[PDB]
Colleague: 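Once you've had a glance at the structure underneath, I'll fire off some questions.
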Amino acid sequence: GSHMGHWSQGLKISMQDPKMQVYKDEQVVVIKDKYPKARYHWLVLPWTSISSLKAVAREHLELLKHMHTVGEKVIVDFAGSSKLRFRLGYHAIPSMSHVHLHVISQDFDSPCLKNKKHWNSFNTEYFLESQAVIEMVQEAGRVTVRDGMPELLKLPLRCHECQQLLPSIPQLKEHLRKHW
DNA sequence: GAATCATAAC
Ligand SMILES: Nc1ncnc2c1ncn2[C@@H]1O[C@H](COP(=O)(O)O)[C@@H](O)[C@H]1O
Ligand SMILES: [K+]
Ligand code: NA
Ligand SMILES: [Zn+2]
C-alpha cells in the first residue's frame, strides 16, 4: 500500500476532520480517540508535524506544556461536573505517527478496551506521565525510554485503584464497576 | 466453552 494511506498515518487524517475535532487553536487540535479505552478519551496533537517523542527537543518544550494545558481545559469544558479522575500522558512506544497526548478518564469503561495490552499500555510504566515527559525534555533536552517496555504489556492484570489481581478482561471489567 | 496467546495482514 501507499505511505499516505498506511494505517500508521491515520491520525494525520483524523486531526483534519471537523467531525472529530473538539477544540482547535493556533498550535494544537484535540480529537476524540477513534477507539476510546474509557468513557472520555481524547488525543491532543500539534499542527506542526513531529513524528514521535523521539523527535522532541527543547524547542518543543512550550508546545508540550501547551498540549497539557489544552488537555486540562478540554476536561473542564466537557467533563467538569464528572466525578471522574483523568490522566494525561504518552505511550512509551506508540503505534500511530505524529506526536499525540492521551487524555483519558480512569473508569476504563469501554467496549474498545479488549485485551491485556490495552490495559497495561495505560496502567503500567508504559504510560508516561505528561508532566514527566515535559520535565525530562526540560532537564535532559530529549525523551529517552528504557529497555523492556514491550514486556510491560504482558504483565498480569492488576486494578489501578486497589491493586487487586484479576484473571481476565471480563472479570476485570466487572471488578472496575465497584470503583464508580 | 470462554478467554488468552501469538501471528498475519502481500
Ligand atoms: N484514525 C484514528 N483517529 C483517532 N484515533 C485513532 C485512530 N486510529 C487509532 N486511534 C487511537 O490512537 C491511539 C494510538 O495509540 P498509540 O500510538 O499507542 O498512542 C489509540 O488510542 C487508538 O485508539
Ligand atoms: K492461551
Ligand atoms: Na504497536
Ligand atoms: Zn480495584
Side-chain angles (χ1 to χ4, degrees), chain A residues 1-22 29-56 79 82-130 132-133 143-180:
Chain A
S2 69
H3 299 296
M4 63 193 286
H6 186 255
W7 63 258
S8 71
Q9 303 300 293
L11 297 186
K12 297 180 178 292
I13 299 181
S14 291
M15 65 187 283
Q16 306 296 341
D17 184 346
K19 284 167 168 180
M20 297 189 177
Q21 302 173 336
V22 304
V29 59
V30 185
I31 61 177
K32 293 190 285 182
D33 194 288
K34 185 173 182 177
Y35 307 96
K37 304 302 191 299
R39 289 174 177 182
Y40 299 89
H41 193 178
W42 299 285
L43 302 177
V44 188
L45 308 92
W47 293 124
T48 198
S49 182
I50 306 167
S51 59
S52 76
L53 295 182
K54 290 186 185 191
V56 169
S82 159
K83 326 182 197 303
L84 287 170
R85 307 294 189 188
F86 276 86
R87 291 182 76 198
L88 291 77
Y90 298 95
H91 283 166
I93 306 177
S95 296
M96 301 293 291
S97 302
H98 201 111
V99 295
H100 53 276
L101 173 70
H102 287 268
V103 182
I104 184 167
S105 58
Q106 296 292 296
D107 51 273
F108 297 103
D109 178 25
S110 173
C112 306
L113 206 167
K114 296 183 177 164
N115 56 48
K116 172 176 293 180
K117 169 177 59 175
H118 291 153
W119 179 257
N120 287 326
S121 77
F122 287 98
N123 291 283
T124 64
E125 313 74 63
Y126 201 91
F127 189 81
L128 306 179
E129 282 283 355
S130 170
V133 165
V143 176
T144 55
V145 166
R146 301 302 173 81
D147 284 359
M149 294 298 98
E151 285 72 22
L152 292 179
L153 298 182
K154 296 186 189 182
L155 290 163
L157 295 174
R158 185 191 295 277
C159 176
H160 64 312
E161 297 291 342
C162 71
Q163 286 68 69
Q164 185 174 332
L165 295 173
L166 280 302
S168 77
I169 290 286
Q171 294 188 235
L172 171 58
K173 285 172 176 273
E174 164 78 350
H175 171 90
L176 290 172
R177 292 182 148 269
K178 87 151 71 193
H179 297 312
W180 292 2

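Numbered from 1 within each chain, the chains take letters A, B, ... in sequence-line order. In what follows, every heavy atom counts, from backbone to side chain, and hydrogens, waters and symmetry copies are set aside.
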Colleague: Partners of A:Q16 by side-chain contact (heavy atoms from CB on, under 4.5 Å), sequence neighbours excluded?
Modeller: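 Partners of A:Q16 under the side-chain contact (heavy atoms from CB on, under 4.5 Å) test: A:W47.
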
Colleague: Below 3.5 Å, can you tabulate the donor-acceptor pairs from side chains in residues 153-165 of chain A to any protein atom, sequence neighbours excluded?
Modeller:
unit_1: A:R158; atom_1: NH1; unit_2: A:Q163; atom_2: O; d: 2.9
unit_1: A:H160; atom_1: NE2; unit_2: A:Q106; atom_2: O; d: 2.7
unit_1: A:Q163; atom_1: NE2; unit_2: A:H160; atom_2: O; d: 3.4

Colleague: Reading nucleotides 3-10 of chain B from the 5' end, what letters show protein touch, with B for base, S for backbone sugar-phosphate only, - for no heavy atom under 4.0 Å?
Modeller: SSSS----

Colleague: Mind checking side chain to side chain donor-acceptor pair (under 3.5 Å) for A:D107 and listing every partner two or more places apart, or none if nothing turns up?
Modeller: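 Only A:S105 meet the side chain to side chain donor-acceptor pair (under 3.5 Å) criterion with A:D107.
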
Colleague: List the residues meeting side chain to side chain donor-acceptor pair (under 3.5 Å) with A:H6, not counting sequence neighbours, and say none if there are none.
Modeller: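 Only A:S8 meet the side chain to side chain donor-acceptor pair (under 3.5 Å) criterion with A:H6.
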
Colleague: Run the ring-centre check on A:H100 versus A:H98 and record whether the distance is less than 6.0 Å.
Modeller: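 For A:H100 and A:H98, the ring centres are not under 6.0 Å apart.
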
Colleague: Is the distance between the ring centroids of A:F108 and A:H118 less than 6.0 Å?
Modeller: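 That pair fails the under 6.0 Å test.
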
Colleague: Picking from A:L43, A:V44, A:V30, what satisfies side-chain contact (heavy atoms from CB on, under 4.5 Å) with A:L101?
Modeller: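 Answer to the side-chain contact (heavy atoms from CB on, under 4.5 Å) test with A:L101 among A:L43, A:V44, A:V30: A:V44.
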
Colleague: With the threshold set at under 4.0 Å for non-hydrogen atoms, list the residues of residues 173-180 of chain A touching DNA chain B in residue-number order.
Modeller: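 Listed by number, there are none.
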
